[PDB]
Amino acid sequence: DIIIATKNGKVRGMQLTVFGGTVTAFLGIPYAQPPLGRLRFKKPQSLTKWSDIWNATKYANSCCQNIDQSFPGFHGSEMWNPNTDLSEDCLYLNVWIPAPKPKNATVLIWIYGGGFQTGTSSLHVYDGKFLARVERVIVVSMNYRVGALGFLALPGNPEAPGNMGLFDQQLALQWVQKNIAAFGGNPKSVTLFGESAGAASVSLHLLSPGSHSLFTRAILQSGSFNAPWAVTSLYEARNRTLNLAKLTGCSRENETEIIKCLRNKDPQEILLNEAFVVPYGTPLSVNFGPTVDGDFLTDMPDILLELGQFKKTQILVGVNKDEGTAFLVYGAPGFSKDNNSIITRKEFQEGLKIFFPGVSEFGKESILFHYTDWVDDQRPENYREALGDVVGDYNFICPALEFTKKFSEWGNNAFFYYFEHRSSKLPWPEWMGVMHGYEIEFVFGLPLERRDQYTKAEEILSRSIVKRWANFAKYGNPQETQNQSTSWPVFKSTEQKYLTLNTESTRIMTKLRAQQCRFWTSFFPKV
Ligand SMILES: *[C@@H]1O[C@H](CO[C@@H]2O[C@@H](C)[C@@H](O)[C@@H](O)[C@@H]2O)[C@@H](O[C@@H]2O[C@H](CO)[C@@H](O[C@H]3O[C@H](CO)[C@@H](O)[C@H](O[C@H]4O[C@H](CO)[C@@H](O)[C@H](O)[C@@H]4O)[C@@H]3O)[C@H](O)[C@H]2NC(C)=O)[C@H](O)[C@H]1NC(C)=O
Ligand SMILES: *[C@@H]1O[C@H](CO[C@@H]2O[C@@H](C)[C@@H](O)[C@@H](O)[C@@H]2O)[C@@H](O[C@@H]2O[C@H](CO)[C@@H](O)[C@H](O)[C@H]2NC(C)=O)[C@H](O)[C@H]1NC(C)=O
Ligand SMILES: *[C@@H]1O[C@H](CO[C@@H]2O[C@@H](C)[C@@H](O)[C@@H](O)[C@@H]2O)[C@@H](O[C@@H]2O[C@H](CO)[C@@H](O)[C@H](O)[C@H]2NC(C)=O)[C@H](O)[C@H]1NC(C)=O
Ligand SMILES: COC(=O)c1c(CCCCC/C=C/CNc2c3c(nc4ccccc24)CCCC3)cccc1OC
Ligand SMILES: CC(=O)N[C@H]1[C@H]([C@H](O)[C@H](O)CO)O[C@@](O[C@@H]2[C@@H](O)[C@H](O)O[C@H](CO)[C@@H]2O)(C(=O)O)C[C@@H]1O
Ligand SMILES: *[C@@H]1O[C@H](CO)[C@@H](O)[C@H](O)[C@H]1NC(C)=O
Ligand SMILES: *[C@@H]1O[C@H](CO)[C@@H](O)[C@H](O)[C@H]1NC(C)=O
Ligand SMILES: *[C@@H]1O[C@H](CO)[C@@H](O)[C@H](O)[C@H]1NC(C)=O
Ligand SMILES: [Cl-]
Ligand SMILES: [Cl-]
Ligand SMILES: [Cl-]
């Protein structure tokens with residue numbers, strides 16, 4: 001057995017037999033007073049000491065959230081749904097310690113995605129026991145409030161200041177600063193990494209002053225704050241908010257007395273009116289997301305980025321080839337995961353009205369023009385594939401490149417990858433390609449378990465990805481030095497070189513999605 005003494009109490013973990021070795025997991029360590037009762041919506045009060053021995057041998061409650069039900073029984077979607085009881089009592093974290101206890105190990109802190117409305121650290125593909133065993137790092141992950149309960153914003157008023165889930169995250173980075181040396185980790189070598197909404201979170205920690213001391217560098221998988229869905233405005237924030245207030249019938253006008261009303265209301269009621277506070281949602285609507293609150297974020301993050309106001313350090317940034325496809329089957333007409341979704345011109349037209357609901361007629365035609373003077377004509381998948389590229393480029397790929405150009409313009413090393421491998425265990429049909437979020441399992445070293453059906457070449461790709469990620473965390477350079485591996489070159493905004501990840505080739509390419517991103521990041525925003 002193994003007990004570790006933390007700053008506010010003693011915690012017990014369990015031994016995990018992994019790959020002939022042993023990993024020590026501490027699942028479910030509380031890192032804040034439960035945000036309940038008179039504390040719902042408020043920032044996360046810090047946790048008072050205890051005298052027990054905390055039994056941290058199982059994942060804690062997942063935070064309250066709405067569950068995608070568009071594909072009941074289908075692993076490809078249900079893989080992402082929470083796998084622990086949902087409760088407001090839900091601010092806990094997990095620690096994966098290599099056995100035996102390391103001395104001064106690099107710490108990797110994972111932040112999950114979910115459009116700031118969903119997610120949980122318990123997910124199978126966020127299991128860090130593999131990273132602990134193989135590269136001898138410590139892996140930490142935490143639950144943070146999502147949806148309204150985590151991002152409702154009454155700008156100014158502290159019973160709902162906004163950004164609470166981000167402040168949840170931040171106090172957990174604070175926890176590994178005060179406590180991780182007790183686990184054999186090195187609080188001075190912490191790398192944050194996350195995917196999509198998690199990625200935008202960690203790009204926001206690169207901006208938020210209160211986080212600059214709590215980590216060393218950063219890895220942004222398929223997401224960044226300048227993506228169109230990441231930061232909801234301050235006026236559309238509290239327009240979203242008060243729309244909920246009338247739905248719940250909680251409209252006072254002592255601006256504070258609305259909040260007191262939303263706390264004698266039970267969590268399920270709040271969950272079920274979040275969908276309509278944006279009048280015309282899309283598959284990407286962050287109904288309640290990060291806002292400019294003047295505490296975590298003190299100014300519009302695009303300006304902080306444009307004028308070089310962030311933690312100076314190395315970033316590893318990247319995206320997947322078919323980021324957009326996952327969303328077309330969540331709404332778009334003529335699409336389904338059980339056929340090949342060949343849509344005509346007009347099906348595509350009506351599909352832009354769903355991803356661009358408040359965009360002018362001209363704007364929608366503008367997109368149709370850039371994306372359909374074809375490299376040629378026959379192929380009935382033209383509109384099907386154009387629409388997936390439209391969503392992927394606008395929502396993920398071009399924000400991420402634009403983040404990397406602008407970040408690296410202040411002298412820091414940047415590394416850009418481009419993941420283009422489709423898992424063969426992947427259960428979605430083949431026309432959807434390399435989908436949003438399906439690099440995560442390779443990053444976490446799941447293909448290294450041969451017992452769970454992955455190609456041998458898949459396990460090999462996972463093997464260098466993992467090594468590259470770890471060398472980046474520990475040494476700031478994401479190279480694979482030994483096995484005659486392609487060097488990963490630094491991303492300069494001059495030449496814009498990126499590395500491709502797949503089971504055939506590592507290749508160095510240049511100037512990713514050039515023609516498209518010049519449309520997206522300039523001609524298109526003026527409309
Ligand atoms: C936290 O966990 C520990 C151990 O859990 C371990 O976890 C997994 C991962 C593995 O490593 C396993 O080996 C472990 O299970 C818990 O420790 C248990 O503590 C209880 C305390 O009661 C033990 O129960 C028995 O203890 C005494 C021994 O003398 C008995 O006398 C007790 O029965 C008495 O109950 C009456 C009290 O009203 C008394 O009046 C009677 O005379 C009667 O004799 C009791 O049966 C238990 O044996 C321990 N576990 C093991 C495996 O031995 C710990 O409780 C956990 N804490 C939590 C969950 O909060
Ligand atoms: C800001 O809020 C108003 C009011 O919110 C409406 O009510 C909510 C419960 C929600 O379910 C939706 O009905 C609305 O968002 C919005 O005004 C609505 O606008 C739409 C068209 O945009 C119109 O059809 C509705 O009838 C309007 N409802 C009311 C009560 O006025 C408004 O659009 C929101 N956004 C902005 C930018 O102003
Ligand atoms: C691909 O599948 C979509 C899915 O719609 C189907 O609707 C059910 C009746 C049943 O057949 C299920 O397998 C699917 O969920 C098709 O979309 C429909 O198309 C018809 C006519 O084209 C139209 O009347 C429906 O309203 C459409 N429904 C939806 C949800 O889009 C689509 O036609 C299929 N395309 C190909 C090329 O196979
Ligand atoms: C960020 O993830 C979003 O989906 C998103 C939402 C999701 C909010 C509403 C739920 C709809 C489906 C959820 C299933 N959860 C999946 C996740 C991932 N990949 C999936 C791939 C296929 C099917 C389901 C997936 C990657 C990690 C997160 C969860 C709202 C607003 C913006 C968003 O993205 C900018
Ligand atoms: C409150 C919550 O969300 N989860 C509970 C958990 C279960 O989800 C619940 O019991 C429904 O099955 O139960 C927890 O533990 C119990 C002990 O607290 C109690 O003494 O009785 C059981 C003895 O083993 C049981 O262990 C748990 O299992 O962790 C508490 C947790 O918050
Ligand atoms: C851990 O490493 C830091 C430098 O990275 C060093 O200053 C510190 O003294 C070390 N402490 C332990 C306990 O290894
Ligand atoms: C009412 O509004 C005032 C002014 O913002 C505030 O001080 C007070 O706490 C609010 N609530 C009550 C119950 O007075
Ligand atoms: C490197 O190659 C050896 C065999 O020559 C293999 O056993 C090892 O796992 C490989 N490691 C990486 C990181 O590719
Ligand atoms: Cl045509
Ligand atoms: Cl037309
Ligand atoms: Cl253009």
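The chain is numbered in sequence order, starting from 1. Any value given below was found using the heavy atoms of this structure, including those in side chains, with hydrogens, waters and symmetry copies removed.
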Novice: Give me the atom names and distance for the closest heavy-atom approach of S224 to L220.
Specialist: CB-CD2, 4.2 Å
Novice: Not counting sequence neighbours, which residues clear disulfide bond (SG atoms under 2.5 Å apart) with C517? List them please.
Specialist: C398
Novice: Does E274 use its side chain to pair, donor to acceptor, with the backbone of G147 at less than 3.5 Å?
Specialist: no
Novice: My understanding is that only residues two or more places apart in sequence, or in another chain, count here; which of them pass salt bridge (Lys or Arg N to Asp or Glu O under 4.0 Å) with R238?
Specialist: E255
Novice: Considering all heavy atoms of both residues, which atom of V278 and which atom of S285 are nearest to each other, and what is their separation?
Specialist: CG1-CB, 4.3 Å
Novice: Checking ring-ring contact (aromatic ring centres under 6.0 Å, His included) between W469 and each of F442, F444, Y417, which is the one that passes?
Specialist: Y417
Novice: In the structure I gave you, are the side-chain heavy atoms of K311 and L206 within less than 4.5 Å of one another anywhere?
Specialist: yes
Novice: Does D389 pair with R513 as a salt bridge, N-O distance under 4.0 Å?
Specialist: yes
Novice: Which heavy atom of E480 sits nearest to which heavy atom of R468, and what is that distance?
Specialist: N-NH1, 3.7 Å
Novice: Show the nearest heavy-atom pair for residues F396 and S222, with the distance to one decimal.
Specialist: CD2-O, 3.6 Å
Novice: List the steps, then state whether side chain to side chain contact (heavy atoms under 4.5 Å, CB included) holds for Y454 with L461.
Specialist: CA-CA 11 Å; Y454 286 96; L461 182 59; over 6 Å; no
Novice: Is the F327 ring parallel, tilted or perpendicular to the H436 ring (thresholds 30°, 60°)?
Specialist: tilted
Novice: Going by salt bridge (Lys or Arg N to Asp or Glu O under 4.0 Å), name the pairs with one or both residues in residues 70-95, residues two or more places apart or in two chains.
Specialist: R40-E88
Novice: Checking the side chain of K425 only, and the main-chain atoms of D452 only, is there a donor and an acceptor separated by less than 3.5 Å?
Specialist: yes
Novice: Would you indicate whether the side-chain heavy atoms of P155 and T291 approach each other to under 4.5 Å?
Specialist: no
Novice: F151 versus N287: any side-chain heavy-atom pair under 4.5 Å?
Specialist: no
Novice: Just by modelled atom types, is the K188 backbone N or O under 3.5 Å from a matching donor or acceptor in the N186 side chain?
Specialist: yes
Novice: Nearest 0.5 Å please: distance from the CG atom of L512 over to the NZ atom of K321.
Specialist: 11.5 Å
Novice: I want to check a possible cation-pi pair here: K312 against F310, using under 6.0 Å from ring centre and within 45° of the ring axis as the test.
Specialist: yes
Novice: Give a yes or no on whether the backbone of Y144 and the side-chain of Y112 come within a donor-acceptor separation of less than 3.5 Å.
Specialist: yes
Novice: If you look at every heavy atom in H205 and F215, which pair is closest and at what distance?
Specialist: O-CE2, 3.6 Å
Novice: State, with a plain yes or no, whether a side-chain heavy atom of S201 is found less than 4.5 Å away from one of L166.
Specialist: yes
Novice: Given 3.5 Å as the limit, does a donor-acceptor pair link the side chain of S462 with the main chain of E458, or not?
Specialist: no
Novice: Sub-3.5 Å donor-acceptor pair from the side chain of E420 to the main-chain atoms of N502, do we have one?
Specialist: no
Novice: Distance from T191 atom OG1 to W110 atom CH2, nearest 0.5 Å?
Specialist: 13.5 Å
Novice: Under the 3.5 angstrom rule, does the side chain of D168 hit a backbone N or O of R145 as a donor-acceptor pair?
Specialist: yes
Novice: Give a yes or no on whether the backbone of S62 and the side-chain of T84 come within a donor-acceptor separation of less than 3.5 Å.
Specialist: yes
Novice: Is there side-chain contact between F403 and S203, with heavy atoms separated by less than 4.5 Å?
Specialist: yes
Novice: So that I know where these two stand, are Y330 and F71 an aromatic pair - ring centroids less than 6.0 Å apart?
Specialist: yes
Novice: If we only count heavy atoms from C-beta on, is the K101 to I2 side-chain gap below 4.5 Å?
Specialist: no
Novice: Indicate whether any N or O donor in one side chain lies under 3.5 Å from an N or O acceptor in the other, for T216 and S189.
Specialist: no
Novice: Using only atom types and a distance under 3.5 Å, with no angle test, would you say the side chain of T325 pairs donor to acceptor with the backbone of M435?
Specialist: no
Novice: Going through the distances and angles, do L328 and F355 end up as a side chain to side chain contact (heavy atoms under 4.5 Å, CB included)?
Specialist: CA-CA 9 Å; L328 314 180; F355 284 104; 3.7 Å; yes
Novice: Between the side chains of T57 and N55, does any donor sit under 3.5 Å from an acceptor?
Specialist: no
Novice: Looking at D293 and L297, would you say the former's side chain and the latter's main chain have a donor-acceptor pair under 3.5 Å?
Specialist: yes
Novice: Can the ring centres of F26 and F183 be said to be less than 6.0 Å apart?
Specialist: yes
Novice: Side chains of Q170 and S211: donor-acceptor distance under 3.5 Å anywhere?
Specialist: yes
Novice: Have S121 and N94 got a donor and an acceptor in their side chains that come within less than 3.5 Å?
Specialist: yes
Novice: Return yes when the gap between the SG atoms of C90 and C63 is under 2.5 Å; return no otherwise.
Specialist: yes
Novice: Can we call the ring centroids of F335 and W428 under 6.0 Å apart?
Specialist: no
Novice: Is the count of non-hydrogen atoms from other residues, nucleotides or ligands lying under 6.0 Å from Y475 atom OH greater than 12?
Specialist: no
Novice: Taking the side chain as everything from C-beta on, heavy atoms only, tell me whether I180 gets closer than 4.5 Å to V140.
Specialist: yes
Novice: Give every residue pair that meets the ring-ring contact (aromatic ring centres under 6.0 Å, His included) criterion with at least one member in residues 75-99, sequence neighbours excluded.
Specialist: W80-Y438
Novice: Nearest 0.5 Å please: distance from the NE2 atom of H421 over to the CG atom of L426.
Specialist: 9.0 Å
Novice: Would you please say whether a donor-acceptor pair under 3.5 Å links the side chains of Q479 and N471?
Specialist: no
Novice: Could you measure the distance from the CD1 atom of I315 to the CZ atom of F416? Nearest 0.5 Å is fine.
Specialist: 9.5 Å
Novice: Counting heavy atoms not belonging to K58, are there more than 12 under 6.0 Å from its NZ?
Specialist: no
Novice: Is there a side chain to side chain contact (heavy atoms under 4.5 Å, CB included) between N81 and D68 once you walk through the steps?
Specialist: CA-CA 7 Å; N81 290 337; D68 162 41; 4.0 Å; yes
Novice: Just jot down the ring pair (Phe, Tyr, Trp, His ring centres under 6.0 Å) partners of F167, sequence neighbours excluded, or say none.
Specialist: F296
Novice: Are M79 and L123 close enough that some pair of their side-chain heavy atoms sits under 4.5 Å apart?
Specialist: no
Novice: Of all the heavy-atom pairs spanning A218 and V202, show the shortest one and how long it is.
Specialist: CB-CG2, 4.3 Å
Novice: List for me each residue that meets salt bridge (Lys or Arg N to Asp or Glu O under 4.0 Å) alongside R463, sequence neighbours excluded, and say none if there are none.
Specialist: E135
